[PDB]
Student: 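Take a look at the following structure, please.
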Amino acid sequence: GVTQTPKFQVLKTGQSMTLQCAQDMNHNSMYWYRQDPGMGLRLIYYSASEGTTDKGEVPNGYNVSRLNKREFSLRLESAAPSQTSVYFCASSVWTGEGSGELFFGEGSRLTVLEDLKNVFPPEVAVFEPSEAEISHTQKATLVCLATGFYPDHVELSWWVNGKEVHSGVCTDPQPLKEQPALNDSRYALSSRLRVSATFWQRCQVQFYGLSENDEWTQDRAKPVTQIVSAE
Amino acid sequence: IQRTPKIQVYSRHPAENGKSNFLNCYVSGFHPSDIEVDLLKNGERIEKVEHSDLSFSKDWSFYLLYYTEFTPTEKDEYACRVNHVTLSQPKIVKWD
Amino acid sequence: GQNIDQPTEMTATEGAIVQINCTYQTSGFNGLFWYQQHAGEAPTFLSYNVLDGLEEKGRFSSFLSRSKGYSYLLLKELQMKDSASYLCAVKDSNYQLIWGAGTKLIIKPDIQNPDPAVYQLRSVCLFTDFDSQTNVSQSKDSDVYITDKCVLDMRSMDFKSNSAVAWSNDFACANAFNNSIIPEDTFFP
Amino acid sequence: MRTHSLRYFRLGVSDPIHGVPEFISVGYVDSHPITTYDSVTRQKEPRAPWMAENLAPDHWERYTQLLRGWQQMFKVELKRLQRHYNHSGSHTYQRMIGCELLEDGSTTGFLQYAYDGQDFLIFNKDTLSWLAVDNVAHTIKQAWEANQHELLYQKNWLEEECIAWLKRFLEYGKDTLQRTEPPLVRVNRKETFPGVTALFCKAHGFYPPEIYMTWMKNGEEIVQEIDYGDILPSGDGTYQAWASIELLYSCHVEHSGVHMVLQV
Ligand SMILES: *C/C=N/c1c(NC[C@H](O)[C@H](O)[C@H](O)CO)[nH]c(=O)[nH]c1=O
C-alpha cells in the first residue's frame, strides 16, 4: 500500500536528498519516522491531512512537502552524519482517532559520510562442505562470505540450479566490523546453505553504493551499486 | 426545516433614566447559522456594539448576544434589527 | 505522553509461550498498539487495545489494564518465524503516538538430536549441530572473526540446526571457538 | 461540587453564502466558550483567558493540525450525506460530543450528529451502537458499527478522557466556574386588564445560571397558569430570569444551596 524510495542511499556531508513516499489507500494522514538503535521511532514531520504539515519530535535538518493526498516527500537540505539512519514513511486513514493503525513503507537506509573514499563492494567467496560433515551427518553446509564492504548496504541471497532458495538458509542478521576499534570499519557478512550429501554429490550479494552522478577521482574501480557472486 | 430566531431586547440591570446601563439583544433558536444583528438608537445604527461569537445549543440551533453601553432617557427609543433566511425583510424589535 | 517501558530482549523456546510486557506513563490514554517488525523489514500492526480485557488473534493475544497502565503481548506455540522485534506504542491525550524502544524476541529451536561439531571448509571453521543452550562467545583477536549463532531450517526433512562461523589470517579450528563454552562431546575431525 | 459539563461542537456548511465559514468547531465548559476553530482562521484559539494561561502553545499547535483534518473529514462526510439524499445546494452537518460530572460524582457522556439541524445519528456507548433516524442514517450506522475498535475508543474517550479534561479545565477556570453570585430578587405587583392583578418575581445578578423559581399559594404549589422568562445572560457574566402569576402568595427561589421566600 505504501511505496517509498530509495531503499538505500550513500550521501556525502552537505549533499541534498529527497525521499519519496506514495500511498494509494486514500489515507489522509502521512508521517516520516527515523528508526535508530536502542530508542523508539521518532517522528520527523507529519501531515494530518492534505494541505497541512507540522514538525514532529526531530524536525531539524529536514523539511517536508505534502504534494497531494497521495504523496509526502522528505528532504535532507544539507546532509549531516547524525542523519545516518533507517527512514520510514507511514500512513493512516486519519489522525485524531484512537484506533486507526499505521501502514508502513519498506524503509530507506541512509548513510552520510564525510567523503566516499572508504566505499567498497564486498569480496564474495563460497566455501565447499567438508568431507567430515558428509561422512558424519550425511548433510552438507555451503558457507558464503561477503568481506570488506562499506557501508553496510548488502542483501545476501542463495541460488541453486538457477532458482533462489530459502530452505536450509541462514544469513547473519547484522554484519560484523572487520576493524572494531576503527570508526569507519569495513564489514563482513556470512550465510549458510545446507543440503543433503546426495544433493551436493551459487551465492550472490547485492551491494548498494555509489551512482552514475557521484564523482570518482581514484585509481580503483568506482564502488557503484553492483552484484558480487561466488559459484 | 428552518427555524426563525427568537429575539429578546432587555437591559443588563433594572433601567432608571439618567443611569448608565447596557442594552442586550439575545437572538436564539435559529437555524441555519447565517444571521445579521444591529442595535438601533432612534432608528439609527449604533456603531460601538459588542457581541459574542455564534453559539451552539444541544437542539442544533444557534444563539448570539449583542450589547452596547447606554444611558436610557424617556425620549430615546431603542431596538434590535435582525435578518435571517426565514425573514423576507429585517425584523425591528423595540426595547419595551 | 512521557514514558513507555518494555524489555530490550526476550528468549523463549519453540512450541512454548512468551509474554512481552509494556508499561506506560502518559498524559492521557487513547489506546495501545503492538507492531511486529522482522529484521530489516517494516513494522506491521498486530493489535489495538483501549478498554480492559484480552483479545485473541490466531496464536497472538493482547491484554490491557488501564488502571495499572500495563499491557502484554502473548504468543502461543512459539514458531521460529516469531523471531522479530515487538513494538509497543501508546496514543496520549493529544493523539500523539509514543513509541517504546522495542523488544527483540529470540526463539531457541528444539534440537532433538544434538551432534556438536567444528568443521573446516575449502579457510572457514563452522561450529554446527550444537544444542540451543550453547552460547557462542565473540573473538578477542584483531584477525579472527566469529559470527553470531544462526538457526537454519530444512523444511523437507523437518530438521533445524544451530551454527556459528569463524575465519582469520596460525588459525586452527581447534582453537577457533575456544572463547565460547563449547560442549565436552564436540567432534573435531 | 455542583454539576459541570464539557462539550465540543462541529458545524459544517456546504456551498457557504458569502461570510459564513465552511467549518466551525467550538468547545464549552458549562455555558462558557473555551476554544474555537474555523476554516477561515485555520487556528485553534482560546475563548477564555484561564485556558490561554494554563495550556502551552504545544496544545494549541497539536489540535490546530487535528482540527484541520477533522475539517476535511466533515467536508467529505457532508458530500456523502448529500449524495445519499440527492440533495443539492447548501446543507448543514453538525456534531456534538461531551460529558457531564454530576454533583453525586457519577458521569454521563454523549456523541450525536445532525443533518440540516435535525437528529441524524445518536451514539449509545452502553451497547456500542448508533441509533439511526432514517434509511440514510442506517447506511452510515452500518459503516460505523463495522469498526469495533473505533466504538471502544469512543466509549473510552467519553467515559475517561472527557472527564479528565473536564476536571483539568474546572481547576484552570475555578475563579469563574466554581464561584457563586446570589440572585437579587424582587416581587412586583400591578393591576393589568381591569380586575386583573399580576405578580412578577424577578431575579438578576446570579451565577451560575441554574436557578429554581416557583410561585406558591398558601404554602402549597399553584395550579393556575405561570409564565416563565428565559434565563438570559446580562452581558457581565451573570443572568436574569422571572416567573409571573395572576390572583396568600409567595415566590420561592433556590440558587446554589440557598432558599429564598418573598411573601406578597
Ligand atoms: C482542543 C479542542 N478539541 C476539540 C475536540 N476534542 C475532543 C475530542 O478529542 C474529539 O471530539 C474526538 O473526535 C472524539 O473522538 N473536538 C472537537 O470537536 N473540537 C475541538 O476543538
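Numbers restart at 1 for each chain; the letters A, B, ... are given by sequence-line order, proteins then strands. One-based numbering, in listed order, for ligands and for the atoms of each.
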Student: Taking only residues at least two apart or on different chains, which pairs with a member in residues 122-166 of chain D satisfy disulfide bond (SG atoms under 2.5 Å apart)?
Tutor: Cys99(D)-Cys162(D)

Student: Salt bridge between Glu210(D) and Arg2(D), side-chain N to carboxylate O under 4.0 Å?
Tutor: no

Student: Examine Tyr33(A) together with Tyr87(A) and report whether their ring centres are nearer than 6.0 Å.
Tutor: no

Student: For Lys6(B), enumerate each residue passing the salt bridge (charged side-chain N to carboxylate O under 4.0 Å, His left out) test, keeping only those at least two apart in sequence or located in another chain.
Tutor: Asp230(D)

Student: Please confirm whether the ring centroid of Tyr63(D) lies under 6.0 Å from the ring centroid of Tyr37(D).
Tutor: no

Student: Write down, by chain and number, every protein residue that brings a non-hydrogen atom to less than 4.0 Å from an atom of ligand 1.
Tutor: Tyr95(C), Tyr8(D), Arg10(D), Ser25(D), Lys44(D), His59(D), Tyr63(D), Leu67(D), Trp70(D), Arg95(D), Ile97(D), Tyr153(D), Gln154(D), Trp157(D)

Student: Just jot down the ring-ring contact (aromatic ring centres under 6.0 Å, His included) partners of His87(D), sequence neighbours excluded, or say none.
Tutor: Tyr85(D), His91(D), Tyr115(D)

